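In the order they appear, the protein sequences are chains B and A. Counting in the deposited numbering, the first sequence runs from 7 upward without gaps. Counting in the deposited numbering, the second sequence runs from 7 upward without gaps. Don't be surprised by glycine CBs; every beta carbon is placed ideally from N, CA and C. One structure below.
Number of protein chains: 2
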Amino acid sequence: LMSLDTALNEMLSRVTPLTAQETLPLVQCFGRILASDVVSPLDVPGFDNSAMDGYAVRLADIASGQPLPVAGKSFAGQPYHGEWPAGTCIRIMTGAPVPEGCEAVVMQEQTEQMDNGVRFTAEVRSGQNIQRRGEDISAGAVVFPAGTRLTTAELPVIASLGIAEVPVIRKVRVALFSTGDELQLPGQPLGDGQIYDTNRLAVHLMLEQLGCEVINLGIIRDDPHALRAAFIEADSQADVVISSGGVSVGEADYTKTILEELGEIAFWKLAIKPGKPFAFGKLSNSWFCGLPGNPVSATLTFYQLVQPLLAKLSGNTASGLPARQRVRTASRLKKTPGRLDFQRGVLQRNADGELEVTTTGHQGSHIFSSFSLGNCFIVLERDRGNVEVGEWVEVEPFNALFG
Amino acid sequence: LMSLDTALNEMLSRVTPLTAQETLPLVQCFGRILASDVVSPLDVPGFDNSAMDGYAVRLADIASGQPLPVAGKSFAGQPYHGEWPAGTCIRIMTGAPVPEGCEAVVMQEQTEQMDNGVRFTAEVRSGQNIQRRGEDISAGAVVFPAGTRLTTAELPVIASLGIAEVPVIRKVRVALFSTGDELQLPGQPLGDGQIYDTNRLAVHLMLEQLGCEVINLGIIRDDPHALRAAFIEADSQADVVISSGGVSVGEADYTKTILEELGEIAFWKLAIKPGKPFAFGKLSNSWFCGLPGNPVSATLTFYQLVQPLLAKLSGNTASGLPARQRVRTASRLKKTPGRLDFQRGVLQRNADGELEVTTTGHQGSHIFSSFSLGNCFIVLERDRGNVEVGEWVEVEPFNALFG
Numbered sequence: 007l008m009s010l011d012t013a014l015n016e017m018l019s020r021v022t023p024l025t026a027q028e029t030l031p032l033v034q035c036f037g038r039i040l041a042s043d044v045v046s047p048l049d050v051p052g053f054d055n056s057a058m059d060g061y062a063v064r065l066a067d068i069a070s071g072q073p074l075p076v077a078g079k080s081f082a083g084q085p086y087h088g089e090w091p092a093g094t095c096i097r098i099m100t101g102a103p104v105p106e107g108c109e110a111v112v113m114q115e116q117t118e119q120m121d122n123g124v125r126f127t128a129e130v131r132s133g134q135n136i137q138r139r140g141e142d143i144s145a146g147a148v149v150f151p152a153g154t155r156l157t158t159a160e161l162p163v164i165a166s167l168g169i170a171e172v173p174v175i176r177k178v179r180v181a182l183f184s185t186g187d188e189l190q191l192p193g194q195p196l197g198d199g200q201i202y203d204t205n206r207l208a209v210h211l212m213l214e215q216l217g218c219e220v221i222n223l224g225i226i227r228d229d230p231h232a233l234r235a236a237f238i239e240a241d242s243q244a245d246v247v248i249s250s251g252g253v254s255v256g257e258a259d260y261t262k263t264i265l266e267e268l269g270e271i272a273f274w275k276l277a278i279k280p281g282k283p284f285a286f287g288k289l290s291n292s293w294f295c296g297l298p299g300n301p302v303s304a305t306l307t308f309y310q311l312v313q314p315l316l317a318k319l320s321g322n323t324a325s326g327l328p329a330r331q332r333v334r335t336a337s338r339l340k341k342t343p344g345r346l347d348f349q350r351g352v353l354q355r356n357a358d359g360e361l362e363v364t365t366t367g368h369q370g371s372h373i374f375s376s377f378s379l380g381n382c383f384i385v386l387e388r389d390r391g392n393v394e395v396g397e398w399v400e401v402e403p404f405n406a407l408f409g
Numbered sequence: 007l008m009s010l011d012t013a014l015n016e017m018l019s020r021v022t023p024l025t026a027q028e029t030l031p032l033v034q035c036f037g038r039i040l041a042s043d044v045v046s047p048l049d050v051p052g053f054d055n056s057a058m059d060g061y062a063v064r065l066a067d068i069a070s071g072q073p074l075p076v077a078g079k080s081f082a083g084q085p086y087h088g089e090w091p092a093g094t095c096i097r098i099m100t101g102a103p104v105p106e107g108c109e110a111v112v113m114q115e116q117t118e119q120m121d122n123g124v125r126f127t128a129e130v131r132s133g134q135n136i137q138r139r140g141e142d143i144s145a146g147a148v149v150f151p152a153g154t155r156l157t158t159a160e161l162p163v164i165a166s167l168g169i170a171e172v173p174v175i176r177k178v179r180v181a182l183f184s185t186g187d188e189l190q191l192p193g194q195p196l197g198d199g200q201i202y203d204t205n206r207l208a209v210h211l212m213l214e215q216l217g218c219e220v221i222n223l224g225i226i227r228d229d230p231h232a233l234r235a236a237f238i239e240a241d242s243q244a245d246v247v248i249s250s251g252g253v254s255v256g257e258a259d260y261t262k263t264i265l266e267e268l269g270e271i272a273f274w275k276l277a278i279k280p281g282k283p284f285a286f287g288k289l290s291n292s293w294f295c296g297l298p299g300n301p302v303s304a305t306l307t308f309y310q311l312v313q314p315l316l317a318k319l320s321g322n323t324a325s326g327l328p329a330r331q332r333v334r335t336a337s338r339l340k341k342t343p344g345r346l347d348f349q350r351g352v353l354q355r356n357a358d359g360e361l362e363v364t365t366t367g368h369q370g371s372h373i374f375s376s377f378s379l380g381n382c383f384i385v386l387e388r389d390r391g392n393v394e395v396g397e398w399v400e401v402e403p404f405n406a407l408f409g
């Protein structure tokens with residue numbers, strides 16, 4: 007009934023990214039979000055330097071048509087600062103500063119080393135293979151803007167500017183619980199009708215991998231006052247509160263009325279498969295997400311709804327979730343018009359060399375095994391029907407949460 | 007001269023995967039390697055249960071095509087234990103135990119109701135939508151084998167068996183250092199030829215994200231006795247010792263001769279670009295990986311050589327490098343025959359739904375920016391030459407280390 011894009015736009019339009027910040031050493035910044043633009047204090051490189059290894063040379067000692075001896079070297083930690091004679095050259099490695107006077111660097115293309123000097127094939131009237139001070143990064147330049155998630159790609163650059171620490175948005179704090187007399191902790195004997203609580207673990211793990219600070223209140227007992235207080239304490243310590251199962255997703259009961267009293271919660275029926283119900287809304291100081299009890303539905307609903315919400319809250323200006331690509335199915339898929347269906351599939355390269363998807367097996371939500379067997383979602387359009395072999399299909403590779 | 011495949015295979019062929027273990031609670035096992043088969047202690051489901059949301063019925067009631075009053079519900083924590091009279095059906099959710107005597111489950115979808123009961127609108131077949139005990143998982147069956155990397159796909163399933171903790175292989179321990187008077191720490195000012203140490207941070211970050219325990223010994227004093235003491239410390243504490251800059255990769259000097267004293271180290275020249283030199287071999291109780299000093303080179307060598315080594319050492323039975331897919335370039339690529347070139351590109355969706363690659367721009371090892379702008383490697387074949395727009399090319403998406 008409610009479309010996914012509509013639900014997702016409803017959620018995101020209402021959220022304000024976090025701004026509270028903290029300053030941490032670079033080694034601690036993996037996956038953290040820059041709170042402020044990193045502006046370079048220095049020129050990179052610090053002085054004119056070589057882009058390649060070979061030899062630094064001059065104007066007229068190449069126009070003289072004769073060989074040029076190696077009068078010294080420059081490695082970057084040992085620059086050449088000698089007396090730098092007339093018709094000679096200076097051996098140079100990549101990133102090493104050019105000696106004073108140098109006007110060109112020649113690679114290992116046009117160098118023939120001899121007894122009496124190096125010989126060169128072409129000439130030049132310019133700074134070939136010279137990085138000028140600040141060609142890469144100029145001082146006062148914005149190297150990375152606020153909102154950038156920091157990775158191995160960005161943090162070493164920041165280290166090359168001489169910066170020990172950078173400001174980052176604080177972690178989104180997420181409180182998590184389940185409730186119901188039927189739920190039991192793994193490692194404890196099941197009582198008569200009981201089942202093991204798995205949703206809560208799944209969400210905790212996904213939360214920690216996403217970079218959130220997690221507050222797991224456990225299983226709250228079937229008691230109005232205990233649930234109300236769990237709600238009150240979670241809301242007062244977290245930016246987001248998640249019921250991983252047990253709180254109403256629409257049905258009338260004592261939990262729904264706790265929701266009515268502590269917040270403004272909407273109960274949606276989404277046009278997705280698997281899944282349908284989702285609760286969402288504002289508490290006094292946090293955003294609430296309520297997931298359905300079925301593990302497949304909860305995990306999928308967390309992955310396609312809650313994850314983007316958390317990305318936006320963290321201050322990240324990229325986006326969560328991977329990008330989709332169009333691929334051929336090598337399997338007949340059964341799809342029923344009316345719901346956007348996130349099937350699980352196996353994306354593999356055929357012998358032709360091209361990527362194709364294949365189903366994992368049964369797509370029913372009575373089993374969980376499709377997530378470890380598959381490596382992607384086949385995202386099949388709401389009004390699409392059955393899908394024959396060879397048709398084109400949208401495919402969303404699993405991110406790190408699932409391997 | 008020596009190919010990457012040969013070098014890779016000499017590295018891994020020598021390596022014994024770790025076996026010592028520890029037993030952790032599931033919430034602490036993400037990314038950890040299972041030390042032994044998880045063997046199911048039970049049948050899943052423990053009782054014939056429904057594959058579908060709908061109604062549980064008997065074939066004789068369906069054969070009297072009279073609408074059937076709902077006598078009760080079975081949900082999942084709350085099975086139906088009342089009396090189930092002739093002419094009625096039972097409301098049933100996915101996962102819920104099927105009630106005694108039920109011969110079939112009819113999905114909600116093929117079942118429109120009346121004022122006087124549920125009308126079953128399609129053919130009902132024996133056994134339909136019922137998952138029988140043990141059919142998902144069988145008691146005594148291996149659910150996950152030793153060597154499996156645990157993730158959200160797996161841990162919740164383990165939780166559903168009532169198992170609270172599992173044996174996982176101890177973390178790989180990796181010692182790390184660099185040497186050079188030219189190397190400076192952040193915040194410290196930069197003397198004549200000096201640079202900020204960036205490789206060591208890059209490697210540290212990458213090691214932690216791969217789940218290694220890291221022992222970062224800093225910048226080692228520029229003399230043999232200090233260097234000798236670094237190796238003794240590293241080697242007693244670690245499974246892998248890594249020099250991120252400053253220890254010889256073939257140049258004769260006091261580090262080369264210490265390396266040669268403390269181990270059997272080969273110094274390879276590798277038919278790759280960026281990069282080429284790599285140091286590798288056996289210390290008393292650890293493996294040694296020597297990286298070259300250039301950042302683009304050290305990162306690439308770490309990614310394509312050291313990362314697969316750690317994955318094997320860890321006990322993982324899967325690859326930790328992403329798979330390659332075959333794609334068209336939307337860019338002309340400069341490529342010299344003789345070296346296997348791991349260029350960086352930007353894989354993207356064109357307007358016609360097609361994935362193609364674009365160059366990040368300049369591919370010289372004099373700047374580090376290609377790792378940020380990029381999202382993949384273009385792995386151009388050793389013997390291949392320049393490449394034209396439209397041509398097919400192998401492409402390997404960046405893993406989580408670069409976003």
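For a Cβ distance threshold of 8 Å, residue set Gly168 of chain A lies close to B:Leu196, ordered along the chain. Here A:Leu306 is near A:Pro280, since their CB atoms are less than 8 Å apart. In the structure shown, B:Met17 adopts helical secondary structure according to DSSP, grouped into three states. Scanning B:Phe36, B:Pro301 and B:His372 for the CA closest to the CA of B:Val209 turns up B:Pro301. Following the DSSP letters along the chain, one finds A:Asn205 inside the alpha helix (DSSP H) bounded by residues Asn205 to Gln215.
Residue-level contact by beta carbon fails for B:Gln313 and chain A, as no gap is shorter than 8 Å. Under a 10 Å Cβ-count criterion, B:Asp142 is classified as buried, with 16 or more other Cβ atoms of the shown protein chains found around its own Cβ.
Rounded to whole angstroms, the separation of the alpha carbons of A:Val385 and A:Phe348 is 5 Å. Secondary structure within the region 281-364 of chain B: the alpha helix (DSSP H) runs of 4 or more consecutive residues, fully enclosed, are 301-307 and 313-319 (chain order). With a cutoff of 8 Å on beta-carbon distance, B:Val172 and B:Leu48 are scored as not near each other. Residue environment for B:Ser70: exposed (fewer than 16 other C-beta atoms within 10 angstroms of its C-beta). Distances from the alpha-carbon of A:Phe126 to those of A:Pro75, A:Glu214, A:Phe374 and A:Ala26 put A:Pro75 closest. Interface residue (Cβ-Cβ distance to chain A less than 8 Å): B:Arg332 is classified as such.
Under the three-pair Cβ rule at 8 Å, the region 173-187 of chain A does not count as touching the region 195-210 of chain B. Annotation: A:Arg155 to B:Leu407 spans about 12 Å, alpha carbon to alpha carbon. Minimum Cα-Cα distance from B:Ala102 among the listed residues B:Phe374, B:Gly351, B:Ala145 and B:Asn135 corresponds to B:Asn135. At a beta-carbon threshold of 7 Å, the residues of chain B lying near A:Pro301 are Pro162, ordered along the chain.
Exclusion of the five residues before and after B:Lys340 leaves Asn392 as the residues of its chain whose Cβ lies within less than 7 Å of its Cβ. For B:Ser371, the closest Cβ of chain A is nearer than 8 Å. For A:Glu160, the closest alpha carbon among the candidates B:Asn205, B:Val163, B:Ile164 and B:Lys275 is that of B:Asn205.
Beta bridge pairing from DSSP links B:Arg179 with B:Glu219.
In the DSSP assignment, the residues bridged to A:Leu74 are A:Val124.
At a Cβ-Cβ threshold of 8 Å, B:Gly60 and B:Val112 count as neighbours. Residue environment for B:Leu32: buried (at least 16 other C-beta atoms within 10 angstroms of its C-beta).
Distance between A:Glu387 and A:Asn15, taken at the CA atoms: about 18 Å.
Beta-bridge partners of A:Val44 (DSSP): A:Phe150. DSSP, reduced to helix, strand and coil, places A:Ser375 outside both helices and strands of the structure shown, so it counts as coil. Assigned with DSSP and collapsed to three states, B:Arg234 falls in helix. Distances from the alpha-carbon of A:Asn122 to those of A:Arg138, A:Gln84, A:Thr158 and A:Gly93 put A:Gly93 closest. When secondary structure is reduced to three states using DSSP, A:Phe408 falls in the helix class. Between A:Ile238 and A:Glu270, the alpha-carbon positions lie close to 15 Å from each other. Non-local beta-carbon contacts of A:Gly186 in its own chain, meaning distances under 6 Å to residues more than five positions away in sequence, involve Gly252 in chain order.
The beta carbon of A:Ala62 lies closer than 6 Å to those of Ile96, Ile98, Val104, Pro105, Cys108 and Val111 in the same chain, with the five residues before and after it left out. Contact between A:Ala244 and A:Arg138 fails: their C-beta atoms lie close to 51 Å from each other, not under 8 Å. Using a Cβ-Cβ cut-off of 9 Å, A:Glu214 is close to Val33 and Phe36 of chain B, given in chain order. By the Cβ rule, the region 391-405 of chain A counts as touching the region 322-331 of chain A, because three or more pairs are nearer than 8 Å.
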